[PDB]
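Presented below is the structure to which this report refers.
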Amino acid sequence: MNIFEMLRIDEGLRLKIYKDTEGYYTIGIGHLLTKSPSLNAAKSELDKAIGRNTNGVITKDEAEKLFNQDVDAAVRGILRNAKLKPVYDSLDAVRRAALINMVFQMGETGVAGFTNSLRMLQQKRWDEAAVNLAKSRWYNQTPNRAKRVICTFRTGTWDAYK
Ligand SMILES: *SCC1=CC(C)(C)N(O)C1(C)C
Ligand SMILES: [Cl-]
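Mapping to the numbering used here: the sequence shown position 18 is 41, numbers consecutive.
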């Protein structure tokens, strides 16, 4: 298991524009296009991201290219962030994947707001961090996925995903 397979499991793969759990226009492997309610705005974003006139449908190769870029961006967002970098640096390789998963889903700003959870992770208080992590809009809106990411933080294994 690795971060790409992990996020592939959580985000799925759709080759046509769809609405994510929040109702936002999205495509491929959880690639957010826009928060605007306009399908045309979304198609325009898609054409721009892919570099061709798509009409809302992309290929698997294109979905995967967007995915590669998004994972790379998430990782680099963490490394450039002053609240996130220290936590990442302190974690083992499995739990690092968990952090990348959160950032991928809710953004660098969003994760950096889990101030208390981040401090417990740095101290390696896994059970305590798990409980604090569950007290969140994130957990209540997407329980199954949050559970998987939280269990990963708690155990340091890939068991939530096998
Ligand atoms: S999060 C899943 C999990 C963690 C731990 C506390 C080690 N468990 O006993 C289960 C398998 C419930
Ligand atoms: Cl879910």
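Even for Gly, the Cβ is constructed at its ideal location relative to N, Cα and C.
Query raised in the report: So residue 111 is in the alpha helix (DSSP H); what residue range does that whole segment cover?
Result: 108-113
Report task. Could you tell me whether the Cβ atoms of residue 58 and residue 47 are closer together than 7 Å? Result -> The Cβ atoms of residue 58 and residue 47 lie closer than 7 Å to each other.
Report task. Check whether the region 24-31 touches the region 81-96, taking contact to mean three or more Cβ pairs, one atom from each stretch, closer than 8 Å. Result -> Taking a cut-off of 8 Å for Cβ pairs, the region 24-31 and the region 81-96 touch, as three or more such pairs fall below it.
Query raised in the report: Using a threshold of 6 Å, is the CB atom of residue 31 nearer than that to any non-hydrogen atom of ligand 2?
Result: Residue 31: no, Cβ never under 6 Å from ligand 2.
Query raised in the report: So, is residue 110 buried or exposed, given that buried needs 16 or more other C-beta atoms within 10 angstroms?
Result: buried
Query raised in the report: Would you say residue 20 and residue 121 are within 7 Å of each other, going by their C-beta atoms?
Result: Because the chain here runs from 24 to 185, residue 20 falls outside it and cannot be looked at.
Query raised in the report: residue 66: buried (16+ other C-beta within 10 angstroms of its C-beta) or exposed?
Result: buried
**Report entry** residue 162, enclosing alpha helix (DSSP H) - first and last residue
**Finding:** Taken as a continuous stretch (DSSP letters only), the alpha helix (DSSP H) holding residue 162 covers 160-164.
Query raised in the report: Quick one, are the C-beta atoms of residue 132 and residue 44 less than 7 Å apart?
Result: The Cβ atoms of residue 132 and residue 44 do not sit closer than 7 Å to each other.
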